[PDB]
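Each remark here refers to the structure printed beneath this line.
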Amino acid sequence: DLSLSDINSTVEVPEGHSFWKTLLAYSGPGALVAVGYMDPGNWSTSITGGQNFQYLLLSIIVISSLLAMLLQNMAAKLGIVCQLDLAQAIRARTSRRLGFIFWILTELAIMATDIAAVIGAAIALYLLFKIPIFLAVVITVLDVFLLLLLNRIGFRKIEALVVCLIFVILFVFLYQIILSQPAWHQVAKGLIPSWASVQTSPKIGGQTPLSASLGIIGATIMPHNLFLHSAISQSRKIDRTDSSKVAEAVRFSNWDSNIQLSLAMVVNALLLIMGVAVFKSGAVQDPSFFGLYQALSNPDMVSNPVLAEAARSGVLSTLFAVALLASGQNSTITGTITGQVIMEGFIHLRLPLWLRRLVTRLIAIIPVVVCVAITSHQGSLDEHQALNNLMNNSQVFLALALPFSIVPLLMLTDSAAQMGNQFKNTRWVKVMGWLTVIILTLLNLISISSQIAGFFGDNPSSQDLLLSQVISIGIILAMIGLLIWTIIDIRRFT
């Protein structure tokens with residue numbers, strides 16, 4: 001009847017005031033959540049953002065990360081204080097049909113992240129081991145056994161394995177930046193919140209600063225990682241009777257989560273400066289993983305003789321594919337964990353990790369093998385580009401399930417009927433939290449129309465455009481109705 005019954009309140013090791021060892025104990029949840037924010041689903045969009053705007057957008061990344069650190073912390077709080085995840089709180093404070101709508105929506109979000117992971121991992125196999133594109137996907141379907149071995153390890157070593165992947169993809173891209181020797185002064189200048197990133201005038205590669213910046217801000221949080229954080233934050237036993245020990249617990253999970261999401265921010269920065277310093281100006285014409293592979297394997301695309309020699313040897317591209325692999329392994333862990341959370345929390349369905357990863361991976365790979373089938377039927381022509389367009393089109397479910405995850409979190413954590421007058425949110429995080437939630441909801445409701453129109457490709461059929469407008473209006477209005485309904489129920493609880 002409690003979230004993550006297998007590993008809930010497992011190891012509690014606060015030992016008086018020995019703070020840093022205590023920090024070493026529970027440092028896992030923050031890594032498990034942060035590794036999701038390094039998925040390849042936006043890698044290109046950083047590199048692109050670097051080529052179109054050298055170091056300019058870095059500040060935006062920071063801000064985004066900060067906002068992601070905010071809401072995530074709140075989620076952790078809801079897990080730490082209430083001893084229950086966000087899905088159990090929402091489902092407890094609303095009917096079953098809204099919990100089922102939220103269930104299918106979040107399932108579609110983690111399914112989209114799973115599609116990005118299977119595309120990136122399969123392409124990673126196509127690049128490293130030269131496995132055929134169709135075979136690499138059905139090889140990625142075999143991650144259920146990697147989940148079976150994953151199950152017997154334990155969170156003290158699983159949550160450190162996630163750290164291992166994090167520093168794999170972090171050192172892979174940091175190594176190619178160390179070789180680049182970039183002008184770190186311009187990097188520091190870019191990290192400052194300047195007003196050139198809010199303008200609309202450069203328009204390089206069909207992208208203005210305000211467009212790229214608002215895109216980075218819009219994709220700030222992932223809805224499934226909120227439930228994930230609220231569930232894994234409970235894995236440390238807390239008495240819930242000593243205010244100093246629960247306040248300490250909040251400081252604990254906060255410092256952990258910021259320590260890891262900071263690493264994710266560092267990875268995004270390494271991708272932007274990867275697009276600025278490593279690649280030449282405008283050298284990246286194919287945002288696909290294969291386009292970045294050959295672009296990292298062509299000496300004329302880099303801006304340094306050392307990177308030309310190393311690129312001719314073929315080490316940059318292979319490291320890139322390895323980072324693709326290490327990023328593609330995350331959805332096997334966090335996808336099954338979060339999927340269990342929303343499943344047994346929203347619809348009260350107890351399912352094993354076997355059929356979970358089976359169903360999720362299959363539903364994820366169906367459109368992938370359809371895409372590879374059609375493109376390989378056209379002669380394997382534009383197959384990687386179409387895989388990239390599938391990966392980007394999948395990200396609409398995140399915008400569909402984002403408000404129903406950030407609004408109920410902020411409401412339930414701001415109310416004293418769920419946190420109490422002692423552990424509710426400060427008047428500071430009330431303003432910052434509501435501002436961030438409003439901005440993200442607005443930006444995502446804006447993104448709905450752009451992505452739905454993007455489903456029809458770069459060929460604007462005049463008759464299909466009006467249909468895209470009708471469907472977009474219907475979707476955003478339906479999300480408005482669901483949003484005001486959830487607002488009404490939660491505010492009836494408070």
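Tabulated results
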{"read-out": "Under the Karplus curve 6.51 cos²θ - 1.76 cosθ + 1.60, θ = phi - 60°, whole-Hz ³J(HN,Hα) for the range 112-122, x wherever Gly or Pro sits", "value": "5, 4, 5, 5, 4, 5, 6, 5, x, 6, 4"}
{"read-out": "Phi to ³J(HN,Hα) by Karplus 6.51 cos²θ - 1.76 cosθ + 1.60 over the range 243-252, Hz, x for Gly, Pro", "value": "4, 5, 7, 7, 4, 4, 4, 5, 4, 4"}
{"read-out": "Rounded if a/c under 1.5, otherwise prolate or oblate - the range 347-445, Cα gyration tensor axes", "value": "oblate"}
{"read-out": "Set of the range 396-423 residues, backbone N closer than 19 Å to the point 7 Å along the Cα-Cβ line of residue 239", "value": "422-423"}
{"read-out": "20 °C / 1.002 mPa s Stokes-Einstein diffusion coefficient of the range 136-245, Kirkwood radius on C-alpha pairs, µm²/s", "value": "111"}
{"read-out": "Translational diffusion of the range 19-365, µm² s⁻¹ [Kirkwood Rh, Cα pairs; Stokes-Einstein; 25 °C; 0.890 mPa s]", "value": "117"}
{"read-out": "Order by protection proxy (mean Cβ within 10 Å, highest first), peptides 315-327, 122-134", "value": "315-327, 122-134"}
{"read-out": "Taking the range 19-365 and dividing mean pair separation by its residue count, relative contact order in percent (alpha carbons under 8 Å, at least six apart)", "value": "41"}
{"read-out": "Gain in span if fully extended, residue 196 to residue 184, counting 0.36 nm per residue against the direct Cα distance", "value": "2.4 nm"}
{"read-out": "Column: log10 I(q)/I(0), Debye, Cα scatterers of the range 406-451, q = 0.24, 0.28 Å⁻¹", "value": "-0.80, -0.95"}
{"read-out": "Shape category assigned to the range 266-407 from the gyration tensor of Cα positions, a/c cut at 1.5", "value": "prolate"}
{"read-out": "Per-peptide average of other Cβ atoms within 10 Å, ordering 469-482, 264-277, 386-399, 90-103 highest first", "value": "264-277, 386-399, 90-103, 469-482"}
{"read-out": "13 Å Cα-Cα reach of residue 280 towards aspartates and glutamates, excluding residues that sit fewer than 8 places from it in its own chain", "value": "300"}
{"read-out": "Cut-off 12 Å (backbone N to label point 7 Å along Cα→Cβ of residue 255), residues of the range 224-248", "value": "248"}
{"read-out": "Spatially proximal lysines relative to residue 424 (Cα-Cα < 23 Å; intrachain offsets below 8 disregarded)", "value": "77, 237, 245"}
{"read-out": "Protection-proxy order for peptides 281-289, 19-27, 55-63, each taking the mean of Cβ atoms within 10 Å per residue, highest first", "value": "55-63, 281-289, 19-27"}
{"read-out": "Cβ-Cβ FRET estimate between residue 66 and residue 285, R0 fixed at 35 Å, reported to 0.05", "value": "0.60"}
{"read-out": "Additional length obtainable on full extension of the chain from residue 485 to residue 354, 0.36 nm per residue less Cα span", "value": "43.6 nm"}
{"read-out": "Segment residue 467-residue 92, extension gain: residue separation times 0.36 nm, minus the distance between their alpha carbons", "value": "131.2 nm"}
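Each reported figure results from applying straightforward, stated rules to the coordinates on display, with no laboratory input. With ideal geometry, Cβ positions are generated from the backbone for all residues, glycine too; neighbour counts draw on all protein chains shown.
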